[PDB]
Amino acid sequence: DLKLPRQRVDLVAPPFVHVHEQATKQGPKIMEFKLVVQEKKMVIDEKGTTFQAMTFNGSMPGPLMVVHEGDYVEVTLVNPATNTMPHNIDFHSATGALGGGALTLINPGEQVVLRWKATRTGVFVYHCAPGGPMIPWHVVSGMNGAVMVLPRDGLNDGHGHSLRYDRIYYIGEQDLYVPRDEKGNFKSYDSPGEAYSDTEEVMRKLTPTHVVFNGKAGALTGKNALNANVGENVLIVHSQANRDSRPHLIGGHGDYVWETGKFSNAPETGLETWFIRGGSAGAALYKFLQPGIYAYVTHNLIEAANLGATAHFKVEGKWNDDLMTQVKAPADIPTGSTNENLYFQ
């Protein structure tokens, strides 16, 4: 009855993004996606703490879906019988039935097919939402991702000029609530159900034990730093389904930032730090101007350095001494310096 071409999309694990066109002259299609729920224990920090997670497609965050305005998105949500709980999906991009949640509740061993029209442009959260207290628990257990609905003409600067990215990354930030024992050590559990009561108690106090990108402290540092090159315009999509965040690229800026994430609004320019409201996705474009390591953080630095929420970019290219230079390397304070006369002493 909807007589449009169908196109199957193969998702990829974050922070990477499946192939897509930015601008397109194709007309609306039915874009077909499959999301498979996977409940499993996962490692969430550098000390090896484990966690009873619930995911779409085995990752935290779930994968980024990319479509264009006016496409229809036909999602097969699958809940294999190796899982123990019912699940569903709420697309913040969609209109009606609790985002789809009221049409996608499935028991282990079931699947369901939801179609929603992509009438709203931007980046948007999707997440599980079974009902009642299960809603926050499934979300903070990992069941959230994002979808991007691009304008058919691609992005623009809000002032009539096209913007094109050379690279895209999806940073899903996750607040986790991990019980501790009387000795103060994180507790391990053999199933999500066994974890629940203790976890709910931590959730109620609204203070995460971990705040991570791509599912664990250190996930996007080390060998898994994000690559870029001087001159590239990089789109960084950031989502947080449950709790606020304040992204910042250390040594960079947000050249164009949609912090509320919706491309019908002009981006802000030249930001230092932006703000992702819990329950949303936002996006920032930055053209790299200097090589080296950059850290990408939430700028509650306690969260960034001590709870897990730091990623790295490794950027190749040539240093620009006009923008920044070390005029004099560290040296002993001159003996004839006069700092004892300064106003603050």
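Basically, rigid core = biggest C-alpha set you can superpose within 1.5 Å across the two forms. Just count from 1 along the sequence shown to find any residue number.
Query - More variable segment, 330 to 338 or 6 to 14 [Cα RMS over structures in 8 other deposited structures of this protein, core-superposed] - result: Greater root mean square C-alpha distance in 8 other deposited structures of this protein: 330 to 338.
Query - 4 to 12 or 336 to 344, whichever carries the higher mean Cα B-factor - result: It is 336 to 344 that shows the higher mean C-alpha B-factor.
**Report entry** Between the two ranges 87 to 95 and 219 to 227, the one averaging a larger CA B factor in the entry
**Finding:** Looking at the record's C-alpha B-factors, the answer is 219 to 227.
**Report entry** Residue with maximal Cα B-factor (values as given in the PDB entry) among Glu268, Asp190, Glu272, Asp175
**Finding:** Checking the PDB record, the top C-alpha B-factor among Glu268, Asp190, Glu272, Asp175 is at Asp190.
Report task. Would you mind checking which of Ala81, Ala241, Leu235, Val257 has the top Cα temperature factor in the PDB entry? Result -> Answer for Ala81, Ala241, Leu235, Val257: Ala81, with the highest C-alpha B-factor.
Requested in this report: Would you please rank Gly251 by its C-alpha temperature factor against the other modelled residues of its chain and give the third it falls in: lowest, middle or highest?
Outcome: Ranked within chain, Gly251 CA B lands in the middle tercile.
Requested in this report: Sorting the chain's modelled residues by C-alpha B-factor, tell me whether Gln26 ends up in the lowest, middle or highest third.
Outcome: Top third by C-alpha B-factor.
Report task. Within this chain's modelled residues, let me know which third the CA B factor of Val212 belongs to: lowest, middle or highest. Result -> It belongs to the lowest third of the chain when residues are ordered by C-alpha B-factor.
**Report entry** Assigned third (lowest, middle, highest) for the C-alpha B factor of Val73
**Finding:** For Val73, the deposited C-alpha B-factor lands in the middle third.
Report task. Using the B-factor values recorded in the entry, state whether the Cα atom of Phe33 falls in the lowest, middle or highest third among the modelled residues of its chain. Result -> Ranked within chain, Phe33 CA B lands in the middle tercile.
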